[PDB]
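A lone chain, given as structure tokens: the form deposited in one PDB entry.
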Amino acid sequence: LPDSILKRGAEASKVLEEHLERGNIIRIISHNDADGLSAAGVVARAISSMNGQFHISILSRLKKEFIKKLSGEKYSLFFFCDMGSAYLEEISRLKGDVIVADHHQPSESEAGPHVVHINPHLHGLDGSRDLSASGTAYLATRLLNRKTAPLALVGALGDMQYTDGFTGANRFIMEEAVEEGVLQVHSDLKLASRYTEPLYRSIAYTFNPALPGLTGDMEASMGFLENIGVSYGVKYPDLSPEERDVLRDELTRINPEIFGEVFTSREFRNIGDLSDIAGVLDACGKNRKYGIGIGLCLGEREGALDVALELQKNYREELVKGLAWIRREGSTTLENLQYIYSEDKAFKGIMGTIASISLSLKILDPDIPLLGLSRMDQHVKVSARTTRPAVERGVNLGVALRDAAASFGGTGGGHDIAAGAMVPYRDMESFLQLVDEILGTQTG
């Protein structure tokens, strides 16, 4: 790991330690997916472990106008996670100290004298694969509290930064979490919610690593297990030793990445492994139930574990229904991308997730960039997802959605493999065409 990035994290640590000293309340601004919430939890946790105080604002998206409304307000430290690198200039205007812990492409702008900017892109590192907002927040606070390291990896998995291994900075965090004693790693089937779902349901809800034929299909997962002689209504731990062996070898046929590293932390037993945690935060994020999600990151797991578990159930059921909708009505294919459109409010905040999973399952052609579109009154919210070989051939979704969205005065961005945008509904056809041309240019 580059020395410079630990050094920059130390500098954020120091600025954070100072504003706590003077008693005053830290302002935490973050995103609403697993990375954003876990990133916000890394920080809240650090600040709690020194009896400090914080106000959280969670956002779907950061705009120039929120930053101006941040511009009034009298707080002396603003801590941005998973956002803000792209608005460095506007953020620089704030009169008060700022920390930005992000893993998106920075705008080209002079970072303020009161701004400490921690971002893998600034240190030769890769923000798409090797470090997320949660890891960056960890690096910012590691020298105050090492116990948040598992949270950091939850955010990495939220952002799909596990491909048969943590890599880069995330590997570094994993190792440091293991020597702290707060993370354990062992080999096993990487099923969803192994301690709280019966096996057929655990299989149905294993979206990553994906299980073609089984994932999203309760009937098929049930019949599958009967076919191979493995009990379907028992939880995975409760199976016989011989049923475990049969199931490894049979699921490994379907996808070999299903057997691998499982990440546990004693603080999260009774909820599940690290990917399960990330699952829970996404369900919390999608239902606008921040506080329960953030609360889970601090330890507030009383009757509220049970509330999160049941948000998760309904989210996973909307994801199942989501996927069947894609199998039913497939995509609409242009030259260089394909898209999927909805006004069903039920697919409100999951369009991005169901696109990613449809591609891993290869229900939609994984080599053709996919844009999911949710109507929002007079606007349309775009969630673009592709795969690594498409990125290797030149696709960059963050670049293409920013530039296409900006032709309509709109906002877009993200990373190479996944991005967002907001455009007027009236401009959908024209936006999609423009995105189609740019992706053509990027691959030609």
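All residue numbers are counted from 1 along the displayed sequence.
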* **No coordinates for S109 in a third or more of the other PDB entries** => yes
* Comparing 276-284 with 83-91, the one whose average Cα B-factor in the PDB entry is higher -> 83-91
* Asked: With respect to the recorded C-alpha B factors, which stretch has the higher mean value, 325-333 or 204-212?
  -> 325-333
* Asked: From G409, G41, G398, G52, pick the one with the largest CA B-factor in the entry?
  -> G52
* Asked: Out of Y138, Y339, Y232, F347, which residue has the highest Cα temperature factor in the PDB record?
  -> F347
* Would you mind ranking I294 by its C-alpha B-factor against the rest of the chain and naming the third, lowest, middle or highest? => middle
* Within-chain third of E17 by Cα B-factor, per the entry -> highest
* Lowest, middle or highest third of the chain for the C-alpha temperature factor of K64? -> highest
* Based on the entry's values, in what third of the chain does the Cα temperature factor of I368 lie: lowest, middle or highest? -> lowest
* **Modelled-residue ranking by C-alpha temperature factor, third containing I25** => highest
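As for the form deposited in another entry, it is not shown, yet the points below apply to it.
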* Which item in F80, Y315, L274, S128 lies at the hinge of the rigid-body motion between this form and the one not shown? -> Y315
